[PDB]
Amino acid sequence: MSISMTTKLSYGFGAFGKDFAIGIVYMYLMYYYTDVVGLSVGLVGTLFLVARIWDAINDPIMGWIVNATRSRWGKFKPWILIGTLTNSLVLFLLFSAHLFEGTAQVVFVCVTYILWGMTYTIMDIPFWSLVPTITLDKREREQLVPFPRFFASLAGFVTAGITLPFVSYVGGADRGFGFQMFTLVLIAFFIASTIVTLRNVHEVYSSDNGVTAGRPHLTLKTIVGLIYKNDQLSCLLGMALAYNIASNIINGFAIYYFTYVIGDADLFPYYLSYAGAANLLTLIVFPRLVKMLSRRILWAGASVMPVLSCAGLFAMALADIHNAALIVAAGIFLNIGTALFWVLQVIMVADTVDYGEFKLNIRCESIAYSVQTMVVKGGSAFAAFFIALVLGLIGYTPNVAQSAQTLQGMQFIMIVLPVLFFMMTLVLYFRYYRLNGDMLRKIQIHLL
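What counts and what doesn't
- Residue numbers count from 1 along every chain, following the sequence as written rather than necessarily the entry numbering; any residue without coordinates is not displayed.
- Only hydrogens and water are set aside; all other atoms, that is, all heavy atoms of the structure, feed into the side-chain values.
- Residues with missing side-chain atoms are left out of burial classes, side-chain pairs and their counts.
- Note on conventions: DSSP H or I runs of at least 4 residues are helices, E runs of at least 2 residues are strands, and numbering of each starts at the N terminus.
- Radius of gyration here uses only the C-alpha atoms, and the compact-globule reference equals 2.2 Å multiplied by the residue count raised to the power 0.38.
- The contact criterion used is simple: two residues touch if any of their non-hydrogen atoms lie within 4.5 Å.
- The buried label goes to any residue with under 20% of its type's maximum accessible area, the exposed label to any with over 50%, and the partly exposed label to all in between, with areas taken from a 1.4 Å probe on protein chains only.
- In a helix, the anticipated span is given by 1.5 Å times the number of residues less one.
- Bend is computed residue by residue as the angle between axes fitted to the seven residues ending at the residue and the seven residues starting at it.
- Salt bridges are counted wherever a side-chain nitrogen of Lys or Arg sits within 4 Å of a carboxyl oxygen of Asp or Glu.
- Just so you know, the domain bounds were taken from an automatic or database domain assignment.
- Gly is placed with the polar residues, together with every amino acid not listed as nonpolar (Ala, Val, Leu, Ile, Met, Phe, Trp, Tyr, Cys and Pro) or charged (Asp, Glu, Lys and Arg).
- What is meant by a nonpolar core is a set of buried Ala, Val, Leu, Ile, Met, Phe, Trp, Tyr and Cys residues, joined one to another through side-chain atoms within 4.5 Å.
- Here the term patch refers to residues with relative accessible area over 30% and no salt bridge, with like charges joined within 9 Å and nonpolar side chains (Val, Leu, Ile, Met, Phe, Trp, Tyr) within 5 Å.
- Under the convention used here, a 1.4 Å probe and the Shrake-Rupley method define accessible areas, while residue burial counts only the protein chains that appear.
- Positive charges come from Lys and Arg, negative ones from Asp and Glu, while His and the chain ends are left out of the count.
- We call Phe, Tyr and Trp rings a pair once their centres come within 6.5 Å, taking the six-membered ring for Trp, and we label the pair stacked below 30 degrees between planes, edge-to-face above 60, and tilted otherwise.
- Only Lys NZ and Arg CZ are tested; either one counts as a charge over a ring when it is within 6 Å of the ring centre and within 35 degrees of the ring normal.
- Angles run from 0 to 180 degrees between N-to-C directions of axes, and those axes are lines fitted to C-alpha atoms, restricted for helices to the stretch in contact.
- Should an angle fall under 35 degrees it is taken as roughly parallel, and over 145 as roughly antiparallel, whereas 65 to 115 is taken as roughly perpendicular and any remaining angle as oblique.
- It is the rotation of the near helix from the far one that decides the hand of a crossing: anticlockwise by less than a right angle makes it left-handed, clockwise makes it right-handed.

Draft legend 1. Inspection of the overall build of the protein chain at higher detail. Assigned secondary structure in the protein chain consists of 24 helices and 0 strands. For 448 residues, the compact-globule estimate of 2.2 N^0.38 gives 22 Å, and the protein chain sits close to it at 23 Å. In terms of overall dimensions, the protein chain has C-alpha extents of about 75 × 65 × 35 Å along its principal axes. Pairs at least 24 apart in sequence give 90% of the contacts found in the protein chain among residues at least 6 apart.

Put into C-alpha cells, the structure is as follows:
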C-alpha cells in the first residue's frame, strides 16, 4: 500500500521543513537575546505565566481530538494540517503589517500568540506518532523510524553558523521587523511542508470509511478504555521528565555557560557553535550502530550517556588539574554524542498499545504518545523545590566547606539536577525480572 507511506514521504517533507523551521526562529531568537527589552510588556516572570498555559492542557486534548464524532471522517493529516498552518499563520503575521510595534500588548499580540502555541504541541504528537504507522512490516519498525533524520541532520548543523554572518549586515535595531524579512526564507520551504502534505497525506482514513464506517474509531477509545495502558505510560512518564531536564539545562544553559565562564575572551570561539555541529554527528553512528542486536541496549547505554559526563565530571573532580582553564573546558566534548534519545523515548509510551494494536491487528494511530512528551516538560516546574533538596541535604554535610571552590561547585550542582532525577530512568528501565518477550524483545527475539 502506497497510501500510508505517502503520509510519511511528504511527512519527511514535514521533517525536513518543520525541523528546519524550528531550527531558524529558535536560532534567530538568540540575537533577540541581544535584543530583549520590551518596555511596557515583557518581563521574564510574566512571559513565564503565559508558558504556564503554553504546554499542559494542549496535548491531553490534542490526542483527544482526532476522530470526528459528528463528522464521519477522522485522521492525522488535518491534525498535522492544523499544525503546518497554525504556526505559519503566526510567522506570516510576524512578517506582514508595518507599524504594529507601536500598539500595546492588549490587542492583536494575543490572537497571534495563541496560534504559535498550539502548533508547539500539534506538531510534537502528529509527527513522531504518524511515522511509525507506515508500511505494516512488523520488526523493522524501530529500525526505519529514527533513521530519517538524515536530511534533517543538515539544518541544525547550519542555522547557528553561516546564516548568522549574512544575517548581520542588513539592518540594526530592527530585529522585530528584521525577521519580518527573513520569514520569507523559512516560509518558502516550510510552506513547502504545507503544500506537499495538503493534496497527499489524508488516506488511511479514506480506507477505513469505505470499510464499514469502522467501529475502529471507537476502538481508539476502547484501547483507552479496555486498557488505558497495560502498564506502559505511568512508569515511562516519570523517567522522561528526568530526560527533558538534561535538554533544558544543555540547550537553556548552553548559551549561558558561554556567557558565563571564569575569564574574559575577546575571541568568543570554538565551543557551542561547534558543539551543535559536534552533537549531531553522532546521529550517524548510534542510530545505525548495533547491527544484529537491539536499539534498546544502545538506549540503556544512551540513558547513561547524557548522565555519564556528570559521572565523568564527578570522577574527574578527584583528578583536580587546573581548576581554572580546566573548568572552562570540562568534558562537554562528550557533547558530540547525544542525538537520538527523544524519538525512541517518544515511541516508548504508546508501544505496548502499538504492539497491542498489532494484536487488535487492524489499523495504525495513537493516544498516550502525547502525555509523556507534554508532562515530561512541565515537571521541571516542580524542580524549584527540588533545588532546595539538591543543595539541601543530599550533597551537603556539616557546614564548614565554603571557601575552596565555587565555580566547580555551582556547575556540578547545575549538572547534578537532571542526574538526581535521572534515578527513575535506568533503575526503572533495567533491573532484571522485567518481563517475558516485549515490544523491545520482538526485534531482539529475531536473533534467537
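Draft legend 2. View of the environment of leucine 407. Take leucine 407: it is sitting in helix α22 (residues 407–421). According to the relative accessible area criterion, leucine 407 is partly exposed, its value standing at 37%. For the pair formed by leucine 407 and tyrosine 31, sequence separation is 376 residues and the distance between their alpha carbons is 27 Å.

Draft legend 3. Highlighting helix α13 (residues 232–259). Here α13 contains 28 residues, and its C-alpha end-to-end distance of 41 Å stays within 8% of the 40 Å for a straight helix at 1.5 Å per residue. The largest bend along α13 reaches roughly 45 degrees and is located at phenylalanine 253.

Draft legend 4. Looking closely at the pattern of salt bridges. If you walk through the whole model with that rule in mind, you get 6 salt bridges. With a shortest N-O distance of 2.5 Å, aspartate 35 and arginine 175 are connected by a salt bridge. With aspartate 35 in helix α1 (residues 2–35) and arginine 175 in helix α10 (residues 175–198), the pair connects residues that are 140 residues apart, well separated along the chain. Across the salt bridge formed by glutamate 365 and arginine 363, the nearest N and O atoms sit 3.1 Å from each other. For the pair formed by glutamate 365 and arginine 363, the shared burial category is buried. By sharing partners, the salt bridges in this structure join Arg141, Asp351 and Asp354 into a single network.

Draft legend 5. Structural view of the side chain of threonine 119. Following the sequence through the fold, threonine 119 ends up in helix α5 (residues 108–122). Assessed through its relative accessible area of 2%, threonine 119 is described here as buried. With near-sequence residues (within four places) excluded, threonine 119 lies in contact with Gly83, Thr86 and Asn87.

Draft legend 6. Region of interest: the domain arrangement of the protein chain. Splitting the protein chain by domain gives domain 1 (1–227) and domain 2 (228–448). Its C-alpha centre places domain 1 at a distance of 24 Å from the equivalent point of domain 2. With 41 residues of domain 1 at the contact, the number on the domain 2 side is 39 residues. Elements with a minimum of two residues in the side of domain 1 that touches domain 2: α1, α3 (58–65), α6 (124–130), α7 (141–144), α8 (149–159), α11 (204–210) and α12 (216–225). Its residues assigned to classes, the side of domain 1 that touches domain 2 shows 21 nonpolar, 11 polar and 9 charged.

Draft legend 7. Focus on unusual backbone geometry. Even without a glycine there, the phi angle at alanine 339 is positive, about 60 degrees. Secondary-structure assignment places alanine 339 in the loop between α17 (325–328) and α18 (342–349). When its relative accessible area of 27% is taken as the criterion, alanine 339 is described as partly exposed. With phi around 90 degrees, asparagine 361 is a residue other than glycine that occupies positive phi space. Looking at the secondary structure, you find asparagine 361 in the loop between α19 (351–360) and α20 (371–378). With a relative accessible area of 53%, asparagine 361 lands in the exposed category.

Draft legend 8. Structural detail: the nonpolar core. Ranked by internal contacts, the top residues of the largest apolar core, which has 27 residues, are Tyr11, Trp79 and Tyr369. Among the elements of the structure, α1, α4 (76–95), α6, α16 (295–316) and α18 are those that each provide at least two residues to this core. If we ignore the near neighbours within four places in the chain, the residues touching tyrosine 369 are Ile125, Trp128, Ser129, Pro132, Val343, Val346, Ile347, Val349 and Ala350.

Draft legend 9. Structural detail: a nonpolar patch on the surface. The grouping of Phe157, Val158, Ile162, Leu281, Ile284, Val285 and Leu289 at the surface amounts to a nonpolar patch, some 580 Å² of accessible area in total. Mapped onto the nonpolar patch, the elements with two or more residues apiece are α8 and α15 (282–285). Mapped onto the secondary structure, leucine 289 falls in the loop between α15 and α16.

Draft legend 10. The side chain of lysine 75, seen in detail. As for its position among the elements, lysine 75 is in the loop between α3 and α4. Here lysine 75 sits buried without a salt bridge, and the closest side chain of opposite charge, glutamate 365, lies 6.0 Å off (N-O distance). Those residues within four positions of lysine 75 in sequence are excluded, and the remaining contacts are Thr7, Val66, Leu130, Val201, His202, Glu203, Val204, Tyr205 and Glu365.

Draft legend 11. Geometry of the packing of aromatic side chains. Going through the model one piece at a time under the given rule, you end up with 21 aromatic pairs. Site record: aromatic cluster; members linked through ring pairs are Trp128, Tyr243, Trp299, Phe341, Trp342 and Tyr429. Against the face of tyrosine 11 rests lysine 18, its NZ or CZ located 6.0 Å from the ring centre.

Draft legend 12. A look at the packing of helix α21 (residues 383–395) against α22. Their axes nearest at 10 Å, the elements α21 and α22 cross at an angle of 110 degrees. Considering the angle they form, α21 stands roughly perpendicular to α22. Along its contact with α21, which presents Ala383, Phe386, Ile387, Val390 and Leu391, the element α22 presents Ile413, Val416, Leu417, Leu420 and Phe421. Counted by class, the contact of α21 with α22 contains 10 nonpolar, no polar and no charged residues.

Draft legend 13. Structural context of the packing of α13 against α22. The geometry of α13 relative to α22 is characterised by a closest axis approach of 7 Å and an angle of 160 degrees between their N-to-C directions. One element, α13, and the other, α22, form an angle in the roughly antiparallel class. Remark: the crossing between α13 and α22 carries left-handed chirality. The residues of α22 that touch α13, namely those facing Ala242, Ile245, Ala246, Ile249, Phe253 and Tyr257, are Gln411, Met414, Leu417, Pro418 and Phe421.

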